[PDB]
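Mapped onto the authors' numbering, the consecutive letters of the sequence shown carry residue numbers 28 to 287.
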Amino acid sequence: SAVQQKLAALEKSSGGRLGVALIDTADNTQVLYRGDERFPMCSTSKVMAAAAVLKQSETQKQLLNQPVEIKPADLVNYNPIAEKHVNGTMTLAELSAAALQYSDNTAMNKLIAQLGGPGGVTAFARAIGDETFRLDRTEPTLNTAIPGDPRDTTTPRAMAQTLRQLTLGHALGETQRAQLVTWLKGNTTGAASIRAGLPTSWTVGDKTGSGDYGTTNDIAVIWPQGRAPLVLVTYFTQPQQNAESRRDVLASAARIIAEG
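So this is what it looks like as structure tokens:
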């Protein structure tokens with residue numbers, strides 16, 4: 028198709044490997060580019076951890092208000108919110124928001140702990156029908172993004188379908204889904220990624236991810252004005268371990284998709 032020619036050209040110009048999945052919920056049509064290849068998820072995996080805790084709260088009604096200690100030993104490499112609460116507590120709701128909206132890595136590790144380890148996050152993916160997602164490590168090592176390494180990867184197709192189910196579908200209860208959507212819409216890290224390629228009137232909720240090998244990711248739910256929502260996943264990774272992030276590639280991919 029025309030869009031896939033332009034995405035292929037974008038990929039060639041970038042020197043990296045680009046994976047795109049679009050689901051248009053208006054007719055459940057999909058646009059895929061390397062849709063079944065594995066990519067390192069990096070921080071886009073935080074959506075699955077947050078959703079898994081939200082799923083637990085459907086039975087444990089007070090779970091999101093449970094205070095969790097933040098100790099100095101809990102802090103890893105990037106903890107913009109958790110650092111503000113060292114030797115204090117954050118609720119699981121506050122940790123989920125920090126993980127999603129600020130990409131706080133300590134917050135993610137607390138969510139993983141709450142779920143019983145990376146196996147508990149992966150279990151939730153399996154429980155909602157995602158047989159592709161795998162979380163193997165905690166922060167920060169899940170971001171190593173080594174070429175060919177299957178750890179901590181998913182495919183664009185799988186993540187788009189799963190993000191659709193979590194936010195627009197009914198994999199979660201109504202209160203939990205609304206909370207997830209509110210969190211994604213309040214993301215602070217996405218201004219230069221998918222959002223930058225889309226009309227400024229469209230509402231976007233997204234989760235970015237970045238890692239080694241110049242890995243630059245964004246997954247988004249998009250509500251265009253007067254139009255059915257879209258789910259867009261853009262993964263990008265590069266051959267050099269020290270490569271710089273390329274958020275512009277995600278913006279350009281989104282712009283190419285938005286042309287259709």
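The C-beta atom is built at its ideal place from N, Cα and C for all residues, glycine as well.
Can you tell me whether residue i is helix, strand or coil according to DSSP?
| i | result |
| --- | --- |
| residue 101 | helix |
| residue 234 | strand |
| residue 175 | coil |
| residue 57 | strand |
| residue 180 | strand |
Return the first residue and the last residue of the beta strand (DSSP E) that residue i is part of.
| i | result |
| --- | --- |
| residue 115 | 115-118 |
| residue 244 | 242-250 |
| residue 48 | 44-51 |
| residue 259 | 257-264 |
Considering Cα atoms alone, identify which of the options is closest to residue i.
| i | options | result |
| --- | --- | --- |
| residue 72 | 267, 286, 284, 262 | 262 |
| residue 171 | 274, 243, 96, 81 | 243 |
| residue 100 | 132, 118, 93 | 132 |
| residue 50 | 87, 216, 164, 59 | 59 |
| residue 190 | 179, 224, 256, 238 | 256 |
| residue 41 | 284, 281, 276 | 276 |
| residue 206 | 181, 223, 87, 91 | 91 |
| residue 268 | 195, 175, 192, 183 | 175 |
| residue 217 | 278, 35, 88, 121 | 278 |
| residue 264 | 67, 106, 179 | 67 |
| residue 221 | 140, 287, 259, 272 | 259 |
| residue 238 | 106, 89, 168 | 168 |
| residue 89 | 186, 226, 120, 137 | 120 |
| residue 241 | 117, 270, 123, 136 | 270 |
| residue 135 | 154, 113, 47, 166 | 166 |
| residue 117 | 94, 98, 106, 138 | 94 |
| residue 251 | 173, 52, 38, 280 | 52 |
Quick check on the DSSP output: the alpha helix (DSSP H) that includes residue i runs from which residue to which?
| i | result |
| --- | --- |
| residue 275 | 274-286 |
| residue 187 | 183-194 |
| residue 22 | Examination of residue 22 is not possible in this model, given that the chain is present from 28 through 287 alone. |
| residue 139 | 132-141 |
| residue 151 | 145-154 |
| residue 204 | 201-212 |
| residue 81 | 73-83 |
| residue 93 | Unbroken run through residue 93: none, as it is neither H nor E. |
| residue 38 | 29-41 |
Could you check if residue i is buried or exposed, using at least 16 other CB atoms within 10 Å of its CB as the buried criterion?
| i | result |
| --- | --- |
| residue 54 | exposed |
| residue 214 | buried |
| residue 61 | buried |
| residue 144 | exposed |
| residue 111 | exposed |
| residue 104 | exposed |
| residue 226 | exposed |
| residue 274 | buried |
| residue 183 | buried |
### Message
Assess contact between the stretch 119-132 and the stretch 146-164, defined as three or more Cβ pairs (one per stretch) separated by less than 8 angstroms. Is contact present?
### Response
Counting Cβ pairs under 8 angstroms, fewer than three are found: no touch.
### Task
Assess, as a yes-or-no matter, whether the stretch 240-260 is touched by the stretch 59-78 under the definition of 3 or more beta carbon pairs within less than 8 angstroms.
In short, these stretches touch, since the Cβ pair count reaches three.
### Task
May I ask you to verify whether the stretch 197-213 touches the stretch 231-238, counting CB pairs closer than 8 angstroms and requiring at least 3?
Taking a cut-off of 8 angstroms on C-beta distances, the stretch 197-213 touches the stretch 231-238, as three or more cross pairs fall below it.
### Message
Quick check: the stretch 190-204 against the stretch 81-91, are at least 3 beta-carbon pairs closer than 8 angstroms?
### Response
Three or more pairs of CB atoms, one per stretch, sit closer than 8 angstroms, so the stretch 81-91 contacts the stretch 190-204.
### Query
Do three or more CB pairs link the stretch 159-170 to the stretch 222-231 at distances below 8 angstroms?
Segments in contact, no.
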